[PDB]
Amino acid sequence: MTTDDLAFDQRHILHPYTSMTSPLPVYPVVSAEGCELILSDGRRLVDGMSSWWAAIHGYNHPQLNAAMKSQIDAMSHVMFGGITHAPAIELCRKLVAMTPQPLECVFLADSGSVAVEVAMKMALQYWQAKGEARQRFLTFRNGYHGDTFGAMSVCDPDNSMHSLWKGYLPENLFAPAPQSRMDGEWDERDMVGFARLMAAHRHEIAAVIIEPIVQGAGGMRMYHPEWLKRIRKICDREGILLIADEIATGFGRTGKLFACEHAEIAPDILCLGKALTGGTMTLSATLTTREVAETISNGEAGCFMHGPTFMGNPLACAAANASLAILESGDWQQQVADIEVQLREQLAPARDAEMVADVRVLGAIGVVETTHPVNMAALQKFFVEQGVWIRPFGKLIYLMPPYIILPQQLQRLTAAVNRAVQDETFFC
């Protein structure tokens, strides 16, 4: 990788949520292995991000590699219309067995935003089949569910700048962000806003959608499990469907296999992604109940009306199967728990830094919330120079390392976080 490569990139390749006219530097990566990224210049970095939550087994995992390669020898891809195959059957068997019992129908898809679009269409069609007029969704502020239009319609109107689409996006219902903390106690006052919205609109709501326990892209917030317990019952009483978006939280990140387990509730529709494939390639899954799946098929349409070109991709299903096989060992329960204790201990000192507003930790997620926004170009350069890959965002400096990270590797991460927030050098 030459500097002409980097110039081409800067001038012709869009990157996620980043200006094409006022660019910040990007770092060229050549390879990766275990918990390290390897830059083109040979510099090796400890990954604190898991490539956005997904690489829970790290990079170049032998089990993942061998499974992907074996699938390539049989067939990387074949269409899923009128056809089925072992990787898909194998993955759906595991998905069904590992999630709440009522969740037993699987619709595989390409991306997380699409899995959400799928969950929403399922809710709309479900009610359209029962002859009811339910077309609205009830969600929480600070929620994020994807960038496609449907998903955008249930994201925080602020964070996602809904003023850009005012008039195009449908107007859904936004209860206040849950206030009670996962580190703290329950407050019954938290529920007034949500309760108010439900009473006023209980009749037009097709479903409730939320991220269980951790609201990610919307502030890395961690709220009280009592919330899910409540929402599940309200939904049960009103006959409304519950959509849980575990695209970020699925597969052990929060300390439990699925974050819904923190409340011991099961949703009607469950969306998975990211760690599903061990972060090797995009794949998503939306699981639902027999009740939902059958109802839709008996309506006008005759079928749930969705079907992406690469649905069921054998290659990605094989990787996902290998990723779940690793998790079947159970070794993750202990890795995540130990990561939890080290993040609590080693980030605790940050609370005393001037620039810091809050330190919070759950499973393999450690968050340092600051008072002012980070200077991206500057803080990123600093992290790289310490030999770590940490990608902060706004006022959040956070870690979500692979579950196989070594204590020494984790310590490099937390020490770099602690040092970054010691002064205002890297702020504004």
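Throughout, we count residues from 1 along the sequence that is shown.
Note: missing coordinates for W165 occur in a third or more of the other compared entries bracketing this position. Notably, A301 is an intermittent gap: at least a third of the other compared entries of this protein, restricted to those modelling both its neighbours, have no coordinates for it.
When the mean C-alpha temperature factors of 282 to 290 and 340 to 348 are read from the deposited coordinates, 340 to 348 comes out higher. In this crystal structure, the stretch out of 35 to 43 and 50 to 58 whose C-alpha atoms carry the higher mean B factor is 35 to 43. Annotation for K94, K121, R232, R253: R232 ranks highest, by Cα B-factor. Per the PDB entry, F174 shows the highest C-alpha temperature factor of the residues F174, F107, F80, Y144. In the PDB entry, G150 places in the middle third of its chain by CA B-factor. Annotation for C303: CA B-factor lies in the highest third of the chain's modelled residues. In the deposited entry, the Cα temperature factor of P373 sits in the top third of values across the chain's modelled residues.
Among all modelled residues in its chain, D73 ranks in the lowest third by Cα B-factor. The PDB entry assigns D245 a C-alpha temperature factor belonging to the lowest third of its chain's modelled residues.
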